[PDB]
Amino acid sequence: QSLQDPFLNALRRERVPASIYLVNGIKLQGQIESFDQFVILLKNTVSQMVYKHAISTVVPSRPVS
Amino acid sequence: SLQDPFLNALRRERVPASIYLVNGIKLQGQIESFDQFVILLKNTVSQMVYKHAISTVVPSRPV
Amino acid sequence: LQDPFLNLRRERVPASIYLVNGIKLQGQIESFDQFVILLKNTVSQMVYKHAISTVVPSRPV
Amino acid sequence: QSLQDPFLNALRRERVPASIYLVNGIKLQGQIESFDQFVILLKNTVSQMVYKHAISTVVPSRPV
Amino acid sequence: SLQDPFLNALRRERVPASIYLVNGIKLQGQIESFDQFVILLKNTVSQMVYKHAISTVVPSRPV
Amino acid sequence: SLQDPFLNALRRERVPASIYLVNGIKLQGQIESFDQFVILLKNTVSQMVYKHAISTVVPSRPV
RNA sequence: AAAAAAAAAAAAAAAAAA
């Protein structure tokens, strides 16, 4: 089955800073606030909506259980 | 399940937004409407933006 | 929706179709279906919608 | 109603030259020889297979 | 049914092939195998290429 | 399929792998795990690489 | 461009046979 939900849920739960590298190289830094089938909400100065199809990677700022 | 409430909030409040496309271009306007595949943005005219080409939607201020 | 928007075709407004690579294509929306839109300028060319980022009217429609 | 098969089949039937602009700007010129739901076959000396998902615009060298 | 006949023809005749990715990168090797979403190309090693990132599959010579 | 067993070869033999993204960036680490949409690449941290942004994945050595 | 471990982001190069 799926493993994307637990990976993002581990970061959202533990409040660990995360880097979302987009398909064009731009690195979004913030906190996973929520996510659904198609988007993730990244939080910093404001809460923005990132489309999953335009993400290449999601890197945790530190190892996560 | 949560994309609509996000965009919808931007429509209720009439808050300026900044849509970043997959190629880094930053479009700015007002979310007037949207459907499963596109978001209608406004400024001078009403332009139709395909969601498959949007990389990010940033509200100009917290809502 | 995208159909009532594209249906630009009626008012014969000139339109720009920005591609995902930044290229601007100016013509007129001649026709469309589920996947493509045909734009007219010198010939009727076929523009795939998956390569489209923005459809801007030259003026309020 | 499909607006795609007739457009390509007309370029095939009239053996009219074409230019396939890819999503990265590369312009491939050749002849539409065949196509299915996912690919077009462009022809010069060697027939190559082009994926539709990488195509941005298919344009005819002349009105068809 | 147009992809399968094409790739299999290069896989059967062992024809050197160029796989142009969507970002312009040109891979050169041989079509060892393929499935609905990937093509396994070969040279010093058998690398897996996703179809969604390929733009063209060109034979080194007519086939 | 042609990618479920392919990734598993790198997941079982612990061979360092290289993942090239659609934008040319080369990732490097070890296939920790994978599913229909993602691959976890390991090094300092275990990052989640989306398949749709993957063009190629080459084993660093013949497998 | 056999490939920039990655430009908090070019309101946008009618288009680099790559």
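Note that these values count all heavy atoms, side chains included, but never hydrogens, waters or copies made by symmetry. Proteins come first, then strands; the chains are lettered A, B, ... in the order of their sequence lines, and each starts at number 1.
- Looking at D/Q37 and D/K52, their side chains never bring a donor and an acceptor atom within 3.5 Å of each other.
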Q) When every nucleotide of nucleotides 13-18 of chain G is labelled 5' to 3' by its protein contacts under 4.0 Å (heavy atoms), B for base, S for sugar-phosphate only, - for none, what sequence of letters results? A) SBBSBB
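- A heavy-atom distance below 4.5 Å is found between the side chains of A/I55 and A/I40.
- Between the side chain of A/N24 and the backbone N or O of B/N23 there is no donor-acceptor pair closer than 3.5 Å.
- A gap of 25 Å separates the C1' atoms of G/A5 and G/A18, to the nearest Å.
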Check residues 8-19 of chain C and write down every donor-acceptor pair under 3.5 Å in which the side-chain atom is one partner and the other belongs to a residue at least two apart or another chain.
residue : atom : partner : partner atom : Å
C/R9    : NH2  : C/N7    : OD1          : 2.8
C/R12   : NE   : C/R9    : O            : 3.0
C/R12   : NH2  : C/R9    : O            : 3.3
C/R12   : NH2  : C/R10   : O            : 3.0

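- Atom NZ of B/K42 is surrounded by 12 or fewer heavy atoms from other residues, nucleotides or ligands within 6.0 Å.
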